[PDB]
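Scroll down for the structure; my scribbles are underneath it.
There are 2 protein chains.
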Amino acid sequence: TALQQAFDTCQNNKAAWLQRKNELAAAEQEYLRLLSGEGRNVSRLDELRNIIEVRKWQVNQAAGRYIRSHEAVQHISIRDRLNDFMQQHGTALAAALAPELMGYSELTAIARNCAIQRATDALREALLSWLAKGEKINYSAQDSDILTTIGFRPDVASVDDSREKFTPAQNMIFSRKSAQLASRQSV
Amino acid sequence: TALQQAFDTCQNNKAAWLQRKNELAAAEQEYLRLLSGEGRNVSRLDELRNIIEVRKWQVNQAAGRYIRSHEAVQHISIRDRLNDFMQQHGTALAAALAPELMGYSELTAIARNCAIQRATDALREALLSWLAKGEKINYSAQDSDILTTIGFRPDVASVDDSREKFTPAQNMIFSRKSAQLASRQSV
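These protein sequence lines map, in sequence, to chains e and f. Per the deposited numbering: the first sequence = residues 4 to 190. Per the deposited numbering: the second sequence = residues 4 to 190.
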């Protein structure tokens with residue numbers, strides 16, 4: 004049931020990222036409205052700029068968390084699907100790889116690594132040959148709905164908000180500022 | 004049908020390498036016979052040493068040629084077996100690997116390479132799990148005999164005889180010496 008946990012964790016990350024995005028958008032629009040209002044509220048403008056930047060940092064963090072959760076759920080789905088496929092086709096698969104897979108138990112570390120590398124890149128070449136002809140690849144029937152709901156790739160609105168990286172000092176400063184802002188807004 | 008050409012090239016390499024080995028052994032035992040005797044055949048001993056050196060070089064070259072041919076025939080057999088198994092179960096493997104394999108045709112170079120790497124090392128992890136659970140696998144049914152006469156690995160003699168390497172200058176000098184020796188023996 005770990006796949007369901009990954010799925011709904013990704014859904015929660017999507018929800019949190021969207022909530023952060025609309026909060027930032029509302030703060031941006033009210034900041035522009037107040038700036039265009041010819042108001043003598045310099046302190047108000049400064050603290051709204053601070054809120055804007057805190058919201059941007061929170062949006063970046065949420066987008067990164069959602070992207071990593073998407074990667075994790077895709078990876079676990081791949082693990083399970085390939086695991087059952089290989090569990091069912093393993094006799095033929097290892098028969099096709101007998102010349103460099105037998106004796107794996109007693110082979111040395113360097114020999115084992117060389118053999119698995121040769122098997123791995125030969126299988127890579129086979130995958131490339133199969134993909135060359137240009138057919139259509141479909142989701143597994145058991146796990147089609149979850150992958151369709153999650154999507155093949157994360158939304159482009161999640162990668163453009165994570166293209167810039169924050170230094171650890173910036174990260175901790177923004178964490179303190181966000182905590183202070185949350186405490187102030189809670190009152 | 005190149006597998007048969009690889010296999011009888013392997014057999015011819017047996018012929019050549021065994022001929023080099025037993026000719027070198029005969030020359031070595033004859034040299035030791037003449038050295039043990041009281042005969043003052045210093046020129047004979049010198050030319051015998053030259054012959055022994057060029058025969059060791061020829062044995063090394065033959066062992067290297069065997070290693071190359073054996074690796075080539077194993078690679079061809081692996082490619083053919085992967086082609087057959089992949090044409091058999093590509094739909095299932097694509098259903099397993101769909102989360103990052105569909106759309107590969109229109110993806111950019113870097114994305115294509117990253118997806119290939121992720122699929123490839125996921126398959127490597129699956130193969131490691133199969134090896135870990137400890138089930139033994141025999142050779143391919145279709146091509147069992149061709150790859151069981153040649154053996155799982157090249158002979159230990161072909162390995163330790165080819166362990167030492169020669170710089171290209173040594174290779175060309177030894178080629179010239181071998182040509183001169185062949186010309187002298189022919190007449």
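Cβ atoms here follow ideal geometry from the backbone N, Cα and C, with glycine treated the same way.
When you compare each of the options to residue i by their alpha carbons, which one comes out closest?
| i | options | result |
| --- | --- | --- |
| residue 144 of chain f | e:130, e:59, e:96 | e:96 |
| residue 49 of chain e | e:156, e:62, e:31, e:66 | e:31 |
| residue 93 of chain f | e:56, e:73, e:136, e:4 | e:136 |
| residue 146 of chain f | f:76, f:14, f:55, f:29 | f:76 |
| residue 12 of chain e | e:128, e:74, e:120 | e:74 |
| residue 28 of chain e | e:140, e:128, e:169, e:55 | e:55 |
| residue 138 of chain e | f:167, f:140, f:108 | f:108 |
| residue 78 of chain e | f:79, f:112, f:124 | f:124 |
| residue 14 of chain f | f:173, f:157, f:186 | f:157 |
Just mark residue i as buried or exposed, buried being the case when its beta carbon has 16 or more other beta carbons within 10 Å.
| i | result |
| --- | --- |
| residue 271 of chain e | Residue 271 of chain e falls outside the range modelled here, since chain e spans only 4 to 190, and no answer is possible. |
| residue 16 of chain f | buried |
| residue 45 of chain f | exposed |
| residue 10 of chain f | buried |
| residue 39 of chain f | exposed |
| residue 61 of chain f | buried |
| residue 130 of chain f | buried |
| residue 98 of chain e | buried |
| residue 2 of chain e | Any property of residue 2 of chain e remains undetermined from this structure, which presents chain e solely from 4 to 190. |
| residue 171 of chain e | exposed |
Using beta-carbon positions only, say whether residue i and residue j come within less than 9 Å of one another.
| i | j | result |
| --- | --- | --- |
| residue 118 of chain e | residue 126 of chain e | no |
| residue 81 of chain e | residue 114 of chain f | no |
| residue 89 of chain f | residue 133 of chain e | yes |
| residue 58 of chain e | residue 26 of chain e | yes |
| residue 6 of chain f | residue 83 of chain f | yes |
| residue 106 of chain f | residue 155 of chain e | yes |
| residue 47 of chain e | residue 35 of chain e | no |
| residue 1 of chain e | residue 184 of chain f | Only positions 4 to 190 of chain e appear in the structure, and residue 1 of chain e is not among them; the question remains open. |
Evaluate contact between the region 11 to 26 of chain f and the region 48 to 68 of chain f, counting only Cβ atoms and requiring at least three cross-stretch pairs below 8 Å. With the cut-off at 8 Å, the region 11 to 26 of chain f and the region 48 to 68 of chain f touch.
Check whether the region 70 to 82 of chain e touches the region 171 to 183 of chain e, counting contact only when three or more Cβ pairs, one atom from each stretch, lie closer than 8 Å. A contact is defined here as three or more CB-CB pairs under 8 Å, and the region 70 to 82 of chain e fails this definition with respect to the region 171 to 183 of chain e.
With a threshold of 8 Å, are at least 3 pairs of Cβ atoms found where one atom belongs to the region 99 to 107 of chain f and the other to the region 149 to 162 of chain e? The region 99 to 107 of chain f is in contact with the region 149 to 162 of chain e.
Quick one: which unbroken beta strand (DSSP E) runs of 3-plus residues sit fully inside the region 83 to 140 of chain e? Chain order, please. The region 83 to 140 of chain e contains no whole beta strand (DSSP E) run of 3 or more residues.
Hey, which unbroken runs of the alpha helix (DSSP H) at 4 residues or more fall wholly within the region 146 to 185 of chain f? With a minimum length of 4 residues, the continuous alpha helix (DSSP H) runs that stay inside the region 146 to 185 of chain f are 147 to 152, 159 to 163.
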